[PDB]
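Report on the structure given below.
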Amino acid sequence: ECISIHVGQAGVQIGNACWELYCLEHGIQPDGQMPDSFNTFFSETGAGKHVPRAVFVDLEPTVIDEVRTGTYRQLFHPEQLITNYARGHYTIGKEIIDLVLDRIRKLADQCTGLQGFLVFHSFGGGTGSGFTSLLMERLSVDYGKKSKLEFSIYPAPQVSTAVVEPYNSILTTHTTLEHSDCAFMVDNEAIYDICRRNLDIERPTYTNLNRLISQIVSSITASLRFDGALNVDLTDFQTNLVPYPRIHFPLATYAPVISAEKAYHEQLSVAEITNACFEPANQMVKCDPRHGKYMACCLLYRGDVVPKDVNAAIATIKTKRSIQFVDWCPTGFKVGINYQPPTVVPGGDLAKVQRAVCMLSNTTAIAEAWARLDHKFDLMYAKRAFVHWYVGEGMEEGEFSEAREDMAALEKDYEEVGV
Amino acid sequence: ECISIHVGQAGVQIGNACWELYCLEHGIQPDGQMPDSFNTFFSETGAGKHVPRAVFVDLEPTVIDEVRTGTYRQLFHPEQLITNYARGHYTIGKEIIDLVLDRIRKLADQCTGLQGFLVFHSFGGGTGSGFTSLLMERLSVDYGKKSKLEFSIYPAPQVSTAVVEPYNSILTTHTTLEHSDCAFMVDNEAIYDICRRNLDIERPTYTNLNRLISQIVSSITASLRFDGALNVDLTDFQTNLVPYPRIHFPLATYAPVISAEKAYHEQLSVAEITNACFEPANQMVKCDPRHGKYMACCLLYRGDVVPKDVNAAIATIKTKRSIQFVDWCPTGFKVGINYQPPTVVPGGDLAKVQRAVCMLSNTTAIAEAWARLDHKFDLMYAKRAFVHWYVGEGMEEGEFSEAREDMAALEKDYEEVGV
Amino acid sequence: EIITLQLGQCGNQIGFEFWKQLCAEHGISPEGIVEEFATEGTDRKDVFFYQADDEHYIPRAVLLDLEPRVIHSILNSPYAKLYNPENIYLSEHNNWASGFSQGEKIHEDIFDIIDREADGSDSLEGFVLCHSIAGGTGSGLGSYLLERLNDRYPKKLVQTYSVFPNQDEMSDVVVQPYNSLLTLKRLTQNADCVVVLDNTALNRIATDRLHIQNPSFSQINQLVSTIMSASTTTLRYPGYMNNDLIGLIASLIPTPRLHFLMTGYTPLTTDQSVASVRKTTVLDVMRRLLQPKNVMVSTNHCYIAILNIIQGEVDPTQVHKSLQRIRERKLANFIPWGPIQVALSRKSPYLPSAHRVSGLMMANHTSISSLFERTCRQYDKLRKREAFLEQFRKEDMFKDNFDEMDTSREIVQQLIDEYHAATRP
Amino acid sequence: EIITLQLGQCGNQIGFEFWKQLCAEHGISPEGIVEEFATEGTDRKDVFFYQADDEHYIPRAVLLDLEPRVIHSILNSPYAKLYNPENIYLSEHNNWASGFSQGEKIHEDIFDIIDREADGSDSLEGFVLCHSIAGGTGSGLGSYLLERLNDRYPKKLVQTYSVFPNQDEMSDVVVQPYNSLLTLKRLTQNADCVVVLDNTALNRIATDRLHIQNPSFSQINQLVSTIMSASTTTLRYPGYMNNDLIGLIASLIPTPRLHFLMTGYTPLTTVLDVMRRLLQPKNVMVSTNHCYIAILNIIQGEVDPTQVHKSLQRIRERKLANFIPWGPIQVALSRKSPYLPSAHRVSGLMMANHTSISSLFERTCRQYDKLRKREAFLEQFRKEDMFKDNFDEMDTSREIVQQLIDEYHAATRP
Ligand SMILES: Nc1nc2c(ncn2[C@@H]2O[C@H](COP(=O)(O)OP(=O)(O)OP(=O)(O)O)[C@@H](O)[C@H]2O)c(=O)[nH]1
Ligand SMILES: Nc1nc2c(ncn2[C@@H]2O[C@H](COP(=O)(O)OP(=O)(O)OP(=O)(O)O)[C@@H](O)[C@H]2O)c(=O)[nH]1
Ligand SMILES: Nc1nc2c(ncn2[C@@H]2O[C@H](COP(=O)(O)OP(=O)(O)O)[C@@H](O)[C@H]2O)c(=O)[nH]1
Ligand SMILES: Nc1nc2c(ncn2[C@@H]2O[C@H](COP(=O)(O)OP(=O)(O)O)[C@@H](O)[C@H]2O)c(=O)[nH]1
Ligand SMILES: [Mg+2]
Ligand SMILES: [Mg+2]
């Protein structure tokens, strides 16, 4: 019983991909018709019709309209698809916050066993980031105690349309830090490199990146949903990943990325996939964990996997001295196994695999990433160039100083937990 | 066995819509020959031919003529149709009112189990207002021990069709407050807003609005026009909702309203429908419900409703604090159910629905509406504009003073009931 | 013999369900004709039904209402022929005063039907009056009829099955406080035996224990009809013990002022053998029925008197040892200054049973004063500002003053105080 | 008679396969019907069952869980109809504090169910509890049930089969130390007898001796249920000696607190070699000359007391075991069910008590101190009322476990 939210072009496209995947793996026609498991995300109507618990919000209608004229136009309840951080946090998103709250309340009241939220967004779109901050704060104040998962997109430190990204990132990160639960960074640079090296796609179209990311989101969420030999809930994810209220930004991982042709060139050893997950080049974040340490991990599997083999694999891989945890986390793992195997969209780039893994291993090199981001932020703020746009939209340099100090404090906390 | 009367062009068109909707409910052709409930409002003469207990009135014979030639030309009895507030009451109304009463009695004596009359009129139309005042006054004098209910169109706070609306409204109210047993104000602007928000229409037209209004009227009369596990009659309406003789102006509401496209993509959770009835935006009058306490409320469900589900839904509504009542009335719901569901008129505005509810309640924000009307009247009296259009009709400024102080006393009484 | 008085649409529906359940129990055709095999029926069908001049059998029923709606609905029901048309009344064309007025205005025909049914009955035993204390019709009319029957038949019992307004939620009728207050005043002053039902608890049990999400009116009627049928069956069911309702009730009434009961029965409407009851045992059923969970109602309050009726195979030794176990655990408590009872009855010979043990309990608990406290608070709340009085001003019984309602309030106060002090020696 | 209180996903499964084993042993149809060949059966059934008018037998079990998934799947199994829907209970909508808070919240219905089940039997002996100690669900709910049961039924045995988390491999719950420590403290405070378990050595033996390289939870907990059933056999199957649970418990428990056990089954042949095999550390399913406390074995099928005496003597001279210097074993016998094939000539099951178990507690206490020194993952615990103000409960539990370890070490010496 969870609600999916999205913001920005990235949010909308990830929503599209993930909902398409869910429809696929529940045997649902593109129009919500089925020729319980789905009960959480798919409520049912009087007739044999379901409705995704989806709410997509963006300033520019373009993407929403294109979805409304897409193949899965009929799937969504038509009212669901409601249509510079300062711009998208103070003067515009504020004027639709009430409407989105009304729709959210209407949807949630239908529920009975609400657990949390799956809010998708990106740090790129300043409008999307600001609106995400405002909406997140309003939900936090509104609903007392419910999980607030986020699958955000972490821009690369070099590879990005870096024009105003640092300011958007600092503001959204600050607002999130104040009242968040755990945000899962992902970088398009990492996805590009992974698909090129492993999946062997030359020009990875943004929809293909969305497809892979959606498959990751499936591997996590459907595992949260499908019954299995070892299941898990959302509050479990929140509590087992947050050593401290501020350090809740684990990375992502996913082993099986083999295309069809080479899918026959391996026996799919559980240990091999676990190692690949721990293989530094297979992570979906630009960082070197060798510099840092793994605070805690959560391991989700699906398909033909055996707990004892998992235990043997993890023992073998961690016994490798290269992995360097901290001296106060003797127990920093959690496993998850689901009977259902992964599903592949027809014509999709990915190849069918009997097994699958998705790991959220909190690390500390993200501290170095934050450090470089803050340094670049300070450098760009020195000149104050292209800032009056922020100034006139309901913010002041005091806000910049406040966010700078808060992120410095967070980095200091990261260093503390580094010793 | 109740009769209906309609005044003004608004009343005429509303009656048209109500009667067409009824004949659709009972499958009666325009002639009056079908291909117990039926007699509840229809009369069958010696032959199978049926006729409703319908009588309208209008100075200008255009609407009466067209309805005589209208599609339902062959339904009404030819005599059943009958062809500046002071003009509407004194100089013109007094002349023909006697013929109207003759016809009314000729209809009533035919019936046996009479309980009351349905009054369909406006508050701005001078002719309609004055004639309604005279008619109801005479009816009360001669038919005191019987119910009398107004279903008027309270002037919208911002949009006025004519310019002398305050005159007509104050005159009719000052004349009728004692006698009008229980009135259901319904502001058109609310229809505009709700239709734009829910029906997804671009240009509202009086035909669609009147179709909706007749829909609500059918909803209220359904508990009579068919069986129900929890039935109710006119005496109940005019007793449960009358905390005091003066305060009998409950509002209207009709929550389940969706286009055929939006008909699906949801389940019509009766709890959600009730909350919609109570949503301030969904309310049917431009008067902030959250300011005033819902002194009295009444709900007349129809279709496939269930006592258990309504109990749970109303309890869920109760747990929300945003709705508050007077601290001296802890029990003020008049529940109502009926098996028959609403019938969608072919090619109409609304779409098929199985569960339908029709809320109705008394608040204090109507006091704010009265104060707004009184302020507009203060402006109108300041210039004494065009009062010569009334001076020669037999009225006097003393009438204005007494009616104005009467409205002030009504506001003061509402204030007292608030505390 | 015995007659039934059925008032308000609620009373009419409850009575229709009651006759449905009864005719099913005795194997009577819906039209009102006995089934072939039932020719040997040992159970006394004369208690309610009686042979008609055409060899049919009809309930000793009475339907009263100011609205032909539900009565006509029933008359189009498959079981319309079950009733006698002559035993049915409708008005020519909600407030307690209005019901009182109509009762005054139709006394003649009402007693005509009543005594027409009574005179034939050689040995009458009492009256049962199922109705609701919320509907203006039922409230006033039942008040008037109870009063008049008390005036005319001082040697006859009267039984009532009231349906209190829900306390869980805002009352279903706005002016329900006045109706309930007046009707309860009349009942206390006149009624002999009472069976208090609150729709709130009925709904709660229907949702929780029947596992149905929309049971409501039909299912709650099933339950209440089952309760009444169980009581009247154990009465009529021939046996060497418990062959008179007067005797049964007297066991539960220390004095007339206290003649309110508290109900309970294992819910078995749904077939649902897997989900309804997997196993049964007199110990566990008696234990369950003591809990407030299975009751049909919403200061160390304790019991005043409890009676239980059991069906199917039973071992009396098991019964008394179970009672000893219950006493040892002290799950419940009796009045301190005071000094129970249980009976065994058969079942309908033809009706199949999906178990071997079941029971119905009737209790008189001092905690019942909570409802009257709530109602008194509500009525005082309404009287504070004196709203909704205009309707009564139209009534002759209230045209002059309202001393009737005030005296009713004080009588209720005395009743509540007596209940409170009952536990105290 | 007896009751089963299985909690969390671990407990739910444990119960599923335990009842599967029982139904196999007593010839019980999946629907609850009784097979024709078993109609004249002599094996007692009241011990774990109570028949019904429909001749079907209803397990004396209650299902508890914070989530529906597992039990919902169970009710889709071929064995679904067997269970009693009334007893089952599912929360409408993972930390020990949260579990205990819910336990405080849903006291009423839980003990309604428990009392209803209890009053349906005459010779109830004690309680059986099957739960995992790591997850917040099992840990907290078991803590609440144990506390209130000891405070309610002070004349009934409480038997628990806890499942402890893997250690050498990273424990399957990051917040495992807190839940484990608190659950152990509760067990010391109230629990009567315990049968500790761990997935590590359990799967180790499952892979090294059962010869199966793909052991799912199904096979693991199937072996666990086998241990359970073989433990209860003689009680189920009346004989001459040890005809009651109290007889079992008295034969082992030396003192109030020092009541922890370890187990193992050989044929997962001779009465000599079997009990020999029951002694090795490899066969003990769980993972400074620490020694034993008490040793007990139960044998199935044919047995010659002459063989037993001679073999026990011969092993006694071989001194393969160690005993407490300051204090002065047992070999019980029983019969096999008349249904399951006797693929084994003679089997052997052991449930002994050893001081070495202190090592597990030492590890867990070290981990808890490790975390507490830096206050890791305490943010959510403060959310609950129990840990809203302070964490004194944690300190008290840690000191209690330390006292228990000290007592064990003292018992290792005269
Ligand atoms: N995961 C993913 N991210 C994408 C994709 N396409 C664009 N993005 C990210 O989304 C960001 C664009 O910002 P959105 O917030 O997505 O767009 P917007 O919200 O319409 O943008 P503004 O109005 O300028 O704030 C880009 O910076 C990319 O980082 C895609 O296919 N997949
Ligand atoms: N909602 C709605 N309002 C209507 C409709 N037709 C007329 N009205 C309103 O009703 C009022 C007209 O009152 P009548 O009494 O019908 O008007 P008249 O009869 O022309 O009155 P005089 O000009 O004073 O002679 C105005 O407020 C109109 O806007 C209709 O179809 N729908
Ligand atoms: N037990 C029961 N009560 C009902 C039923 N339907 C309505 N009621 C309740 O009974 C009262 C309605 O009284 P009614 O007999 O309908 O009133 P009248 O208009 O005075 O006849 C209210 O308290 C309703 O909540 C029903 O089927 N069963
Ligand atoms: N051996 C074993 N342990 C299990 C099984 N299922 C769950 N567990 C254990 O139970 C704990 C998981 O926490 P639980 O309390 O069961 O989960 P929750 O109910 O989701 O909070 C871990 O110790 C798991 O090892 C199973 O089939 N076998
Ligand atoms: Mg944007
Ligand atoms: Mg006009």
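In the structure tokens, chains take the letters A, B, ... in the order shown, each chain's residues start at 1, and ligands count up from 1 in the order shown.
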Check your understanding: So which bits of range 127-203 of chain A end up strand (DSSP E or B) when you DSSP the backbone, as a PyMOL selection string?
Key -> chain A and resi 147-151+183
Check your understanding: Would you name the residues within 9 Å of ligand 4, counting only C-alpha atoms and all ligand atoms, and put them as an NGL selection string?
Key -> (:A and (229-233 or 236)) or (:D and (7-14 or 65-67 or 94-96 or 99 or 131-141 or 163-166 or 171-173 or 176 or 197-199 or 202-203 or 216-221 or 224))
Check your understanding: Can you list, as a ChimeraX atom specification, every protein, DNA or RNA residue that comes within 8 Å of range 271-277 of chain A when you count only C-alpha atoms, leaving out same-chain residues fewer than 6 positions away?
Key -> /A:253-256,283,309-310,312-314,316-317,357,359
Review point. Please, which residues have at least one atom within 7 Å of an atom of ligand 2, using only C-alpha atoms and all ligand atoms, listed as a list in words?
Key: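 Final answer, ordered by chain and number: residues 7, 8, 9, 10, 11, 13, 14, 58, 59, 84, 85, 88, 121, 122, 123, 124, 125, 126, 127, 128, 129, 153, 161, 188, 206, 207, 209 and 210 of chain B.
Residue-level contact on chain A: within 6 Å of chain B, counting only C-alpha atoms, the set is residues 45, 46, 51 and 77 of chain A.
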Go ahead and write the residues just picked, N, CA and C atoms, as a CSV table (one decimal), in the first residue's frame.
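Just written: again25.csv:
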```
chain,number,residue,atom,x,y,z
A,45,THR,N,-11.3,-1.6,-9.4
A,45,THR,CA,-12.6,-0.9,-9.5
A,45,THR,C,-13.7,-2.0,-9.5
A,46,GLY,N,-15.0,-1.5,-9.7
A,46,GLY,CA,-16.1,-2.5,-9.7
A,46,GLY,C,-15.9,-3.5,-10.8
A,51,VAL,N,-6.0,0.7,-11.3
A,51,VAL,CA,-5.5,2.1,-11.4
A,51,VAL,C,-4.1,2.2,-10.7
A,77,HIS,N,-5.9,7.2,-14.1
A,77,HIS,CA,-7.1,8.0,-13.8
A,77,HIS,C,-6.8,9.4,-14.3
```
